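I have placed the structure first, in the form of structure tokens, so that the comments after it can refer back to it.
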Amino acid sequence: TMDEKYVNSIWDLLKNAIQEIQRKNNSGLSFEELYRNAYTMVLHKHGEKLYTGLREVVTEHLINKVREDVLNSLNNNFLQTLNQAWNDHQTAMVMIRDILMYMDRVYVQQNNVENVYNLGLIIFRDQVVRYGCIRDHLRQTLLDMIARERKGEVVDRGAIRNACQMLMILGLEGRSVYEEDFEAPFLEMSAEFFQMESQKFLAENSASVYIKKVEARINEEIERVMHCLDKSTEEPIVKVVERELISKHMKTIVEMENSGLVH
Amino acid sequence: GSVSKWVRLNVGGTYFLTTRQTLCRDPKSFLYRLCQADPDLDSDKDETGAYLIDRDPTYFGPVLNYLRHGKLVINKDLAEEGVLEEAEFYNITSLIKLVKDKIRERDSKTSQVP
Amino acid sequence: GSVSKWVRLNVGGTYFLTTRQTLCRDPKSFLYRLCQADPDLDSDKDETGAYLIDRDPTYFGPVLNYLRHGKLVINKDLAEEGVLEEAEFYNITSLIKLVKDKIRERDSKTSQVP
Amino acid sequence: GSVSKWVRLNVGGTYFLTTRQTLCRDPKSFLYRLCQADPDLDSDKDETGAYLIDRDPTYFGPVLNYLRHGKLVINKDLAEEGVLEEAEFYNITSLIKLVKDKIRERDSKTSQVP
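Residue numbers (the UniProt record's numbering), protein chains in the order written: chain U, 24 to 286; chain C, 40 to 153; chain P, 40 to 153; chain F, 40 to 153.
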């Protein structure tokens, strides 16, 4: 048996390439060269070495560069920045997937580690997205925009939606990452909003107008779910909507002042 | 359309001509990535426009024809063990499978006990 | 020039010059359609007018040779099945029968042990 | 360009195109010495800039294949002894380390009385 420093020489070029893609100047880099390089790495029984080196080389950029802008954008076009980061990160990681395809086949399926694109999004998930200050500031920022939208403010629904899609794909095959960070906080937040409004309009008009608003609100919120949130959120919000506006106020609606199902 | 449907693979110095849809039998294939107009291909090009590929030009025959008519064409002299490791590089997963059996198939008669 | 009785195919990169009557030996063959001067043809390499046919040149030999003298001439290094697939694409029925006999003879002998 | 990752070998009559990295697998290899940009070497066809290496092109395939994918692929016709000595020329100590075993394996299996 024997070992060579030669492994590093290709590794550096493979590493050197990955940075340049992330630098957004592909001119000069060639796919044909890189795939064979990656092929050589996995072929010489260095999959684990190649697999680790991947994890680092992407990770450093996200924490050293990507996170820094997101922190710098906390109070200047934040949503625009975080989306932009994940758009570019998507661009880079497909290349990473395309350059590592062989490793994506032999080592991944043999050793049961997560595949290249799973790692690409996961590190973007653990290290920038779900990072505390960004994570909470992200959640708060979106919730700030939605409520103001509920307050008649013209708002870039697409910006919110895009982030919602961003989170959805970040969850891999499950909704959880979307549920943990946005949905569950959203649903319960709306319950307080729904709860407050319900008693507000009960003191402003009778059953029929109260019903008219409730049905319109039911349609209104669902429409926002269609055009501003993920479409998978609909049923969750409806159960909350029904429980707060209707289920909590059943006996009242039957017996409104000089009105109600009795009248 | 500023684009063509026929590509020139300069594999191993040899010029193989083939049409885009021919290479897309396995989208997870190395070639399928070559088949696109992605932002990571322009470098690998010849003065003619042929894509410069750096693997064996002779064992490539079975690989490319399989992408044409989904069957292995092993010129009798070639060694089954040789295309396999050319198949592996191109990432034709299904093709990798049937050659391996062919390798196993050969031993049925060659590794036999009379 | 009024017309060229010589026509210059391109079969997977390798130019195969030939004459119409060679290509018109079988009424139902792929190559026969190329001979038509009707407007339905757009694979001319206009630098010379060579029609492009994206398939393996190596097995185009027996197809073109049979298309001139009606016997399955082979270079041994070429694959037995590969010529079956190759002609199958071009739709020379009489030939693909012959090869199917050639394979039958090849394996049948190969399939016997005293 | 000042450099090109593709090296063009004229190995005794048959051209071979391969990547610098593939030749540089182990620097002791005489092939590696060719790749360097140092001023010692000057033998190449002037028009095309391909290194003139005066050795059997046929047997070079197995040598280059090992330097491309780290295995011994030899077509059934090519003599194992031919690549062996061919390999000895390029000084890829690992390849020669392999060939003798297959050589020995080939002979031991054949002459083996039950």
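Think of the CB as a built atom: it goes at the ideal place given N, C-alpha and C, for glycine as much as any other residue.
When the five nearest sequence neighbours on each side are left out, the beta carbons in the same chain lying within less than 6 angstroms of the beta carbon of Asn104 of chain F are those of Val112, in order along the chain.
The Cβ atoms of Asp93 of chain C and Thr58 of chain F lie closer than 8 angstroms to each other. Under the 10 Å beta carbon count, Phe55 of chain F is surrounded by 16 or more other beta carbons and is classified as buried. Distance from the Cα of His69 of chain U is smallest, within the candidate group U:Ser231, U:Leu37, U:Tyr130, U:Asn49, for U:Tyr130.
At a cut-off of 8 angstroms between beta carbons, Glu56 of chain U contacts chain F. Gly88 of chain C counts as exposed, since fewer than 16 other beta carbons sit within 10 angstroms of its beta carbon.
Closer than 9 angstroms at the C-beta level to chain F, one finds these residues of the segment 35-53 of chain U: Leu36, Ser53.
When Cβ-Cβ separations below 8 angstroms define contact, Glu124 of chain P makes contact with chain C. With respect to the C-alpha of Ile122 of chain U, the residue from C:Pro78, C:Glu124, C:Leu106 having the closest C-alpha is C:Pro78.
Nearest to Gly175 of chain U by C-alpha distance, out of U:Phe224, U:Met124, U:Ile41, U:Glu243, is U:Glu243. Contact annotation for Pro78 of chain C against chain U: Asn49 [CB-CB distance below 7 angstroms, chain order]. The beta-carbon distance between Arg90 of chain U and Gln45 of chain U, rounded to whole angstroms, is 13 angstroms. This is too long to meet the 8 angstroms contact definition. In terms of beta-carbon proximity, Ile113 of chain F lines the interface with chain C, with at least one pair separated by less than 8 angstroms. Rounded to the nearest angstrom, the gap between the Cα atoms of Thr61 of chain C and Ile41 of chain U is 30 angstroms. Inter-residue distance for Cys74 of chain C and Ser82 of chain P is about 19 angstroms (C-alpha atoms, whole angstroms). In summary, no residue of the segment 60-79 of chain P has a CB separated from any CB of chain C by less than 9 angstroms. Residue environment analysis places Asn114 of chain P among the exposed positions, since fewer than 16 neighbouring C-beta atoms fall within 10 angstroms of its C-beta.
For the pair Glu119 of chain C and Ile135 of chain C, the CB atoms are not nearer than the 8 angstroms cut-off.
Taking C-beta atoms as the reference points, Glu206 of chain U and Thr164 of chain U fail to come closer than 8 angstroms. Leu144 of chain U and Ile119 of chain U have their alpha carbons spaced roughly 12 angstroms apart. Rounded to the nearest angstrom, the gap between the Cα atoms of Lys28 of chain U and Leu70 of chain F is 18 angstroms. A buried status is given to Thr63 of chain U, since no fewer than 16 other beta-carbon atoms sit within 10 Å of its beta-carbon. Among the residues of chain F, those whose CB is under 9 angstroms from the CB of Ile33 of chain U are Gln60, following chain order. By the criterion of a C-beta distance shorter than 7 angstroms, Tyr129 of chain F is surrounded in its chain by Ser68, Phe69, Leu70, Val102, once the five residues flanking it on both sides are discounted.
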